[PDB]
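What follows is a single structure, and I will ask about it in a moment.
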Amino acid sequence: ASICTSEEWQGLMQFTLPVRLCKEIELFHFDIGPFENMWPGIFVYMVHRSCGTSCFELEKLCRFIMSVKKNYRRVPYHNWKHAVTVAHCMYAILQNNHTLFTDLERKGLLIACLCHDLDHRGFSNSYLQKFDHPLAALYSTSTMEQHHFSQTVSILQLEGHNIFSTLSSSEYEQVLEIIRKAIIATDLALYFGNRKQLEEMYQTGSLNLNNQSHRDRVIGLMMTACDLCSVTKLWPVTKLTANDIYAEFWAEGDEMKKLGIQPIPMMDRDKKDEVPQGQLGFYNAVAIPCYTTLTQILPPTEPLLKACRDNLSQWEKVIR
Ligand SMILES: CCOc1ccccc1-c1ccc(-c2nc3ccncc3c(O)c2C#N)cc1
Ligand SMILES: [Mg+2]
Ligand SMILES: [Zn+2]
C-alpha cells in the first residue's frame, strides 16, 4: 500500500474549517463536492466531533487519512470524493443517533466508511468473477469488498499509521471486526437479504439492538444507506453524481464489448435512453426500501428517505 508524503499529513494538522461549514456538515443533504482541498480536513473534523478531540493521536490520524487518500484510484466514481461522501453520511447518522452506538463503533464505522472502496479499479464483482481476475480467485464472494478490507489493514500496519494502537488487545480485535463486517456489508448483493430480515424483525417487534446479530444487520443497512447517499442530495448534485457512476459503468461495458460480451443495460452506453427508467427501478427496488427500513429502525434518519423520495419524483418528471 502507498505511503503519504510528510508534507501531506503536516498540512492536514493545521487545517482549520470555516465556521459557516460547522452547521452545514451536520445536515444530511450536505454535499462536500465544492470543498475538495477541505475533504481530508472534513474527515478530521467529523471524527473529533463524533469520537472526541483526543480519541486518536493527531499525527497517526493525519498520516492514516492522507495514506487512505493516496490508495484511492483516479476512477470516475469509486474514488476519494466517494469515500468522504460516504463517511460524511455516516457522521450525520451517528450524530443523530449518538448514544445508540459505542465509542468503538463510531470510530470503526467512520474509518470503515472512509476505507470501504480502497483501491477500487473501476470494475464490478460480476466483471472480475466473469473474466477470472486474480482478485476473484483470492476472494470467492464480495470480491472487491474483501480486498477493500485487506487494503484497510495494509494501511493500519504502516509506520506511524496504526490509529488503534492505544486500544486494548480485545478492543483492537473488536474494532477490526466492526470495520470488516461494515466493509463487507457494502456489497449490494448482501443488502437485499439484509433488508428483508430487518423488515421482518421490525414488523414483528423482534428487532433488538442489544442482540449482536441484529446489531451487525442494522450497521449493515447503515453502510448501504451511506454508500447510496448520492440519491439523498439535492437534485442537481444527484444528477452530477449519476454522470460519474455512468462514466465508470460504461467504461466497464466497453471492456466487455472488446471481448465480444454484451454488458447489462446499465453498463451499456448505447442504452442511455433507458437511464431514467433504470434510475426509477433502482429507486423503487433498492433506494426507497433501504431508507424506509432505516427510518423505521433509526427515526432521526428520516431526512434521507424524504430526499430520496424527492429524487424519485425528479426521475419520474424526466421519464415524462
Ligand atoms: C447500481 C448502483 O449504482 C447506483 C448507485 C447510486 C445511485 C444510483 C445508481 C444507479 C446506477 C445505474 C442505474 C441503472 N442505469 C441504467 C441505465 C440504462 N438501462 C438500465 C439501467 C438500469 O437498470 C440501472 C439500474 N439499476 C441505476 C442506479
Ligand atoms: Mg464498494
Ligand atoms: Zn462505495
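Our numbering is plain: 1 for the first residue shown, then up by one each step along the chain.
Method of determination (from the header): X-ray crystallography, 2.2 Å.
Every residue gets a Cβ built from N, Cα and C, even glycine.
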Need a hand: Swiss-Prot gives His82, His116, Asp117 for divalent metal cation 1, which of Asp216, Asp227, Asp254, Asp268 is also on that list?
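The one candidate that Swiss-Prot places in that divalent metal cation 1 site: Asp227.
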Based on Cβ atoms within 10 Å, give me the single least packed residue among the binding-site residues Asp117, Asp227.
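Counting other Cβ atoms within 10 Å of each of the binding-site residues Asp117, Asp227, the minimum falls on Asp227.
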Just to be sure I understand the packing, how many Cβ atoms besides its own are within 10 Å of the Cβ of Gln279 (3',5'-cyclic GMP binding site)?
24
Counting only residues 6+ away in sequence within the same chain, which have a CB under 8 Å from the CB of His82 (divalent metal cation 1 binding site)?
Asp117
Rounded to a whole number, how many Å is the Cα of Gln279 (3',5'-cyclic GMP binding site) away from the Cα of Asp227 (divalent metal cation 1 binding site)?
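The Cα atom of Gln279 (3',5'-cyclic GMP binding site) is 16 Å away from the Cα atom of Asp227 (divalent metal cation 1 binding site).
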Check the binding-site residues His82, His116, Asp117, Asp227, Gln279 for any whose Cβ is under 6 angstroms from an atom of ligand 1, and report them in sequence order.
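Passing the 6 Å Cβ check against ligand 1: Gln279.
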Roughly how many angstrom lie between the C-alpha atoms of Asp227 (divalent metal cation 1 binding site) and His78 (active site, proton donor)?
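Distance (Cα to Cα, whole Å): 10 Å.
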